[PDB]
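Labels A, B, C, D, E, F, G and H are assigned to the chains in the order they are written; within every chain, residues are numbered from 1.
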């Protein structure tokens, strides 16, 4: 529930947390909140995770069809416009707040998309429940035309702040960098949180539990 | 003299014994029925469509019979065959281009527009309940990363990219002129391209046309919006080619 | 979307499609139906016995309810769909009335279906003539015959399909009030009527009988054999 | 509360290369228990089981429709279902009812048809894919089951230890829950066999 | 057969004989002429008097499709009425969707596209009517577009549709109509229509004449009666 | 095939409707007589074989308690129109608390008539015209009435009309023996004797269906005993 | 459209239906299919015509498909019609399975297919599916049971039947050499090999020219096994040996 | 738009779809194409003979991909090929959306066959005048499918559609090996193409796509002419 994106001197850097939770308890620590769309387009989704996943899959399929028909690389602008029109057709009932980053023929682009269908092109965008911490980190340590490492560190710090100041994000950070030339998608970018081992290991063997019936049906 | 017909093979577009579609191939000569020849060429950085303007009578407003249509700002087109069919295809192309612009956020590439128009023409060819729009459209534009582009659809629908081609009664003669010109000269500038475009019509049809007897459209990489030449530019190019 | 008028009035107002459906009915298998004073009997020629064949699936006599049954003559597939639609109509009537179905009402709505197909767009009528046997509430035997033209009429006895005219003209002279008093005489009458049609006599023939609301059953092959022997006994003494 | 209307508890973890999936057996209305022999784990393949939790009617309907489309696919295609494909297909099935969602949170467990690599995943009422290597749980017992698993689960487990761990997990997660339990069914999918067992749980 | 039975098929050469028969059906009808000038567009249409029991102004071939657009028709008059209804429907739609009166150029383009749309399918037949639309605007001036039954719309300094269309065109060529005065052009239209009318071919006849232009405050209207008798007298004198 | 369902003749009429009229003369003979004391309808059954039950062979149908109808032609096609007429009469009663007038029933039947085509309306519609001529006998506020419904939709109010196989000639003879001041008994006697004379076969109670509508009584169909009572004098 | 319609969904002056007659004739010159019943199973023999060496032949079976868990089919005629028919049959069989939680009876599924085929012949204006279908299966009510259906919509239940070229000769061979009620799987298989060798005498019995399928009931489970190429070679060898033995004894 | 509800394709008295035979004749009269299988991939080759060089042969493409792992070529009419490939692309995208896994080539060919059958048995429509050679890779295996205008399909190790197609098939049979490599497959395909090119093939006139475990990819004229030089 903490995703962010930024444009640096070369292209786009996208980042996301991994604490996918339903209700109030953590359901997963390895959510894939940075969806692939095109070899030059990625999008980070927040909110109803199923809706975000279906939206990203549909956009990826539509841009696959478009690019393969036109013989050109997919555009961030066409993806953004399709997202806007579809979400607006559903009047925001698709609980998906998206950060669409990518590099196209006209240059790197970053867009903030709201579930009601509103979109905006901004150099740095944060979204999710923990969006405010990452937004503050960006407003504090953002510069125009930053280097690759500076952008990566800034996004990492923003995700770390969102993780440590929100109760719906953590346990990993995901990064994806898109440029004019190279696309990198490093999922376990940095694991700022570890787990201590169980001090007293407690294990059981057969005969510790009570079983009523056994049924073996060997397969081949 | 015993004008027999083979049922409906020669009457509606169904598969003929010779593996042909008779009403599809009638459209090729339906292009000729218009009696007008349109030839288009592209330079290294420009694309020029030159078309003779027919004036069967002074009593009609010849300033309003211009057959060059701007599909978008940067896409111009000209058609051959039935003029009503030409207007319908121009309207459909404008609709599709605008729809692509809204649905995809940027101007439609000329190749994709030609592909969509060709698919619509194939919709007519496939169906056996509609006239297969016996009209041929040729369109121009300026494309990034690829340069000036000229595309041409057809009632059959088989389109292709090309340096230069023509549609009309004397499209074969214009094709021959294009063959001889491409085998003679290769390097083309803007003025050479426009001079060759005028020379194609002049050599093929041999009319010594007046300045008002043609309508010419150009797309250049200085203001990629499709612009139509007026009488001043027509006379300038005429005298330049003459000298 | 398919709405081409198939059934149209030819010159002199003759429905040539109806005539062709009648031709298909005539070329179809032979079926007969008698309405005895106590029972109703249907007899179908199982022509081309074609051994190694499960005759259960090709049985042309199908029961619609506990008191209604029909035997067709014509197209087997149109017969099957009409039997399905008649099962639908009988069940719908039983639901909406919670009373036992009426043979005449069933035949009437089948005739209405046939007339709708004659009057419809893009459709052709059902090339089958149906003999509907059954019993009313009071146990009154009912025998009706409907044709692809849509007309249905009640008959004391009749025949449909191949040789239908010959069989019905034989029955109209062989039918007497005292000849259908008991099940034995009715079965013998139907068997001697179909004997002129079926070459085998006993093995290329199938008989079904319905009593007054008594769970109609199909006649056993041994019963058919012994009753053909009985009619031969009558023949030798007469 | 609609998913707790009937109650439920389903889990699935991974072994060294085998899989354990277990579920409660109690079926009844919010108040009374009707049947204690209800089946909640259904075979979507020879080496692939699926557990469903939530509204019992939605469980049964989703299972029937899933078996419908799965059988159609496998008859059209000629290969046993791949677990990832089954999970994606059921997730799509749940998403098709975005405005009419089935109040069910299912889990899918099994082995790769050719690799026999363990696979487990979970969904929600909309059908959100959730692939977690260690374990996935669903139902009204969610908190108890998560707490049990996050300490009882270890990587690279033999089938017998895997069964012991999952059996203890279900037993100790349903005995502290009121709308689930009354018998636990456990399926252990090993490389070349499956073992189906009923635990000696408290029936009340 | 096969090449002239429907508008959805080409001739072996690629012709549309149904549209050619529609052209025949619009040619054999009565004459209808439209002249545009620098300050107005006039229409003079020829009415066949089947019997004197008819009213003057009955079965008008002049329709008023927009607040400023007229329509002079020839061919099947019921088809002409239907096309006038379609034209006024299109004008109403444009006014509703854009808040101002439709320009004549786009009106004619849309109507011609509609006409051509019913020349493509075997489920319909091409219209048996040709029609000229005249309008005026403060920024555009006087405009006149003629539309064929095929669906082709062109601007005409002056056009004629009917039997004597070519004769009317040829004799009126002496007029430099592109910078003339609407009032006198009405009289010249009366003249040309009287000469091109064949009294022997049609003994009984009537004229329906109208203009639209700057003198009309940019709204289509019929000729006032007094100008009608004066133009009729001028035409009688020009008959010589 | 080739010719459509909406095709006229060179002289300007539907030859399909002409074929329908030809089928009308192919139909069974029916007779209707209207008098001041009611209206009578009769029809010949045309029994094919004695095995056919006379009960199911009835060409006279009740539209309402005050309306009877005689059909000639495609008797299978006539029952749908009869059901439509009855449901329309009952709708009129349900709406206006009165019995529907016979003339309005005939007009509505004409509205249903000649409504068919290939692609002209909803696909679930008629393809061919009704091939049945109808005689609507009835009693209403305008006294006894009788209407000849032609399949063309050209409905007619006629005092007496004979239709079917022996329509013409028999209708002229009926007119000659018909008067403007005949009683109901005279009407039934005349209709019965004309039908007996025009019978193609020896008629009896099992060869004819008779019905009447009276100003006081409802629509009553003559049973066998009264049929024999009225036919023995003729 | 009156002149240019094909009006394939109307009657004929003599009462027949030309479209179904032509479909049956085309099926007659189409591939060979044979179905037989044994006391412990039912066997199918399907003949593949296009046997070019360029075939990948990776499929388990070409004209033999599996309608549902306990019923198999053999198609005769247009293979694309066959594919669309087969997946429609699978769809409706699984529909019955969903609706009743019981394997769909073979008679039920055959009746449904014949209903839809008859309706498609009845109207729609389209050319009928010119494919004959031969269904085998096992059910609670009749167990092993096989049907032959026709493009006209008519079906019949048989102990054994064949479709394709020399259909009359094949059915004569069945009527001569089929032991009703006493046909084991081995003797049924031998009779099937005999038919495959005889009803298509041109291009005499070849392993790759035909495909063999069996359907049995083991432990209350319907097992559909497609005999492999080595199995078909074993059948060919057994047929050659038995024919040689019969001729030598003759 | 009304739409004819009567199928233009009808059963002849002999039962042969003579209309489909004419469609196949149009396929034969169209430009030829070949497809071939290797032990570890599929190669599709075809020729694009335009008119005189005024056509920009580079601008248009004939080999088309459906997915990253599926490509195809056609013999016949380009207008039909465009709509058919576009519909196949839609079907593959829909399958990927539903099942989150790449389309198997067999299932895609089955869907295309169903589309062709619907076209042939429906009303108001002309049968497709193309034959598709479809290459695909899935589950670490190669697949090459012939799909005819009749709507049927086959898995063919080698095929040749168009003019001289029977001779091309025989030539492939003579020069086909069961365990050849992709290099041998390219050699055989180019050899067949030059044996049936009729007019001195050129790197521009030959367009080739290769499908293997790395996916499907179309060879650019550089390596195209490189392989033609290596093959002679």
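The rule is simple: contacts are C-beta pairs under 8 Å (C-beta built on N, C-alpha and C of every residue); 3 or more make two chains touch, one makes a residue touch a chain.
These are the chains along with the protein names UniProt gives them: A = Proteasome subunit beta type-7; B = Proteasome subunit alpha type-6; C = Proteasome subunit alpha type-7; D = Proteasome subunit beta type-3; E = Proteasome subunit alpha type-3; F = Proteasome subunit alpha type-5; G = Proteasome subunit alpha type-4; H = Proteasome subunit alpha type-2.
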item: Comparison of B-H and E-H by number of C-beta pairs in contact, larger one; value: B-H
item: Innermost chain by mean C-alpha position; value: H
item: Separation of mean Cα positions, chain G and chain B [Å, integer]; value: 57
item: Whole-Å separation of chain centres (CA-atom averages), chain C against chain F; value: 31
item: Centroid distance [mean C-alpha coordinates] between chain H and chain D, Å; value: 45
item: Euclidean distance of C-alpha centroids - chain A vs chain H, Å; value: 39
item: Per-residue multi-chain contacts in chain H, two or more chains; value: 1-6, 8, 86, 97, 100, 110, 123
item: Numbers and ranges of chain C residues touching at least 2 other chains; value: 1-4, 6, 122
item: Touching two or more other chains - residue numbers and ranges from chain E; value: 5, 121-123
item: Pairs of chains in contact (touch as defined earlier), listed by label; value: A-B, A-D, A-H, B-E, B-G, B-H, C-F, C-G, C-H, D-G, D-H, E-H, F-G, G-H
item: Residues of chain E defined as touching chain B within the complex; value: 1-3, 5, 7-16, 105, 109, 112-113, 115-117, 119-123, 144-146, 148, 150-159, 169, 172-173
item: Of all residues in chain G, those that touch chain H in their complex; value: 1, 5-8, 18-19, 22-23, 25-27, 29, 50, 52-59, 78-81, 83-84, 87, 124-130
item: Residues of chain D defined as touching chain A within the complex; value: 46-47, 91, 94-95, 98-99, 122, 124, 126-133, 142-143, 146, 151, 160-161, 164-165, 167-168, 171, 192-200
item: Contacting residues of chain F [partner chain C, same complex]; value: 4-5, 15-16, 19-24, 26, 49-53, 55-57, 74-77, 79-80, 116-119, 123-129, 131
item: List of chain C residues in touch with chain H within their complex; value: 1-4, 122
